[PDB]
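Below you will find one chain, with nothing else, as structure tokens; this is the form deposited in one PDB entry, and questions on how it binds or moves follow later.
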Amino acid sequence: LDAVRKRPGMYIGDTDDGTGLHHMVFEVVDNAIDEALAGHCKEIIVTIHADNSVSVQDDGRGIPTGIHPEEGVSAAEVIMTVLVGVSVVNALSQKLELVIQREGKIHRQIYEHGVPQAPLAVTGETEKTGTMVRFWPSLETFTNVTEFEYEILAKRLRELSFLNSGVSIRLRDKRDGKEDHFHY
């Protein structure tokens, strides 16, 4: 991921005017919509947390967790660490936490600046399926505009709900309680 770290704006967009900051969310949402479309209930939830991290979750099948035969690490870690996709978001997040519910197990992993802190690990049992990512944009990269703007996210999620009919998209702001539900 060092090519991304060297020139973040070439991958995510302008890192000073808020463009790249909000594109971080959109790249994660792209992956969440993919996952939601492959499951039964087809809902994603985008949450702006009070510490200006964002989480994105889906109720799909779960990102695959088995060891990648050539890379020698979990498939999830391959997606997160091989190069626009969520690997760029990971590289530019001072922290990124993920949870995958799949085949009866809960799997968790934490990254800092794209670096895995331990291998993907089973932490418990579950009867649910789906994926969640919460990320803290790196304040070493994103300057000036560092806080998420609710309406910038809402405008894009609204567009996506028309294009991805039948996918339910909820947006929640824990800073001021504002919420929306886009479903076409």
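One rule holds for the numbers: they count along the sequence shown, beginning at 1. Here, rigid core means the biggest group of C-alpha atoms that superpose within 1.5 Å across both forms.
There is also a form deposited in another entry; it is not shown, and the following applies to it.
Compared between the shown form and the other one on the core, the listed residues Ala50, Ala38, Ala118, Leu139 keep their C-alpha shifts below 2 Å, save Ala38. Relative to what is shown, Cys41 and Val28 are closer in the other form; their C-alpha atoms differ in spacing by at least 3 Å. Panel note: the distance between the CA atoms of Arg108 and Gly39 is larger in the other form than in this form, the difference being 3 Å or more.
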